[PDB]
Amino acid sequence: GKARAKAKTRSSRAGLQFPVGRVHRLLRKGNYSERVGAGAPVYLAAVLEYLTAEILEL
DNA sequence: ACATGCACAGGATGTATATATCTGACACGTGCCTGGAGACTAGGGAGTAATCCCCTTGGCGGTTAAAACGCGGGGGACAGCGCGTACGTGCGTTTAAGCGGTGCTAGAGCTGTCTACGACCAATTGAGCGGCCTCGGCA
């Protein structure tokens, strides 16, 4: 068989706009820890997205 | 006589040999964008002289904290309970990993504008005349 066409993003499943997959990509390749949680980048993206929303509104 | 320092046992720690490969130092192509200098331009700045007004100064003077000092409460020092922390332990859930699939998010493009960037004009708020008036005043 083959992998899923138009498979839904971690971001849009969370309702976020920031790239949660890239947050996981960068947490892992950024060497911050040898293993990284699946909801860790959701939480981090949501905080960066919140700070981004607040600072841009002001 | 106390905190620091002595050698043994234990148990794992750093180690040496090994299989497998991808990280990274290198020559070369690459070809950018930086280093360079000059022509051109006039906005900005250098140096001097004017003089206002500010920080420094010496001071008067008060009143403040340091200074000397004692009362009594509470900080500093051991036994006694019990509650938390460090593991022991097996379970099982968590992410990692292979490398495809293929989505959209990327560099770089080109697009047409088209916000907002200069530059000009028409507002509202400032101290100095002008004539009036009264209060305060002299002879």
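Residues numbered from 1 in each chain as written, not as in the entry; some residues may be left out. Chains lettered and ligands numbered in written order. Part of a larger assembly, values for the part shown. Heavy atoms only, no water.

- Method of determination for the deposited model, per the PDB record: cryo-EM, at 3.55 Å resolution.

- As deposited in the PDB, this entry carries the title "CryoEM structure of the human INO80 core-nucleosome complex state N-7".

### Regarding the nonpolar core
Okay, step 1: Among the nonpolar cores identified, the biggest contains 5 residues, and these are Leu16, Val20, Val23, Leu27 and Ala45.
Okay, step 2: In terms of residues, this core owes the most to one element, helix α2 (residues 20-29), which gives 3 residues. (Core = buried A, V, L, I, M, F, W, Y, C linked by side-chain atoms within 4.5 Å. Buried < 20%, exposed > 50% of the residue type's maximum accessible area, 1.4 Å probe, protein only. Helix = DSSP H or I, 4+ residues; strand = E, 2+ residues; numbered from the N terminus.)

### With respect to the environment of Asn31
Okay, step 1: Along the chain, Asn31 falls in the loop between α2 and α3 (40-57).
Okay, step 2: Looking at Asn31, the relative accessible area reads 64%, which means it is exposed.
Okay, step 3: Expressed as a C-alpha distance, the spacing of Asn31 and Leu44, which sit 13 residues apart in the sequence, is 16 Å.

### A short note on the protein's contact with DNA strand B
Okay, step 1: Around DNA strand B, a shell composed of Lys2, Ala3, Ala5, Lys6, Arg22, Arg28, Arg35, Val36, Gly37 and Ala38 is seen.
Okay, step 2: The sugar-phosphate backbone supplies 84% of the atoms of DNA strand B found within 4 Å of the protein.
Okay, step 3: At 2.8 Å, a side-chain N or O of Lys2 approaches a phosphate oxygen of DNA strand B.
Okay, step 4: Side-chain polar atom of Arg35 to a base oxygen of DNA strand B: 2.8 Å apart, as the coordinates give it.
Okay, step 5: The residue makeup of the surface near DNA strand B, split by class, is 4 nonpolar, 1 polar and 5 charged. (Near = heavy atom within 4 Å. Polar contact = N/O pair within 3.5 Å; in protein donor to acceptor, adjacent residues only side chain to side chain. Nonpolar A, V, L, I, M, F, W, Y, C, P; charged D, E, K, R; others polar.)

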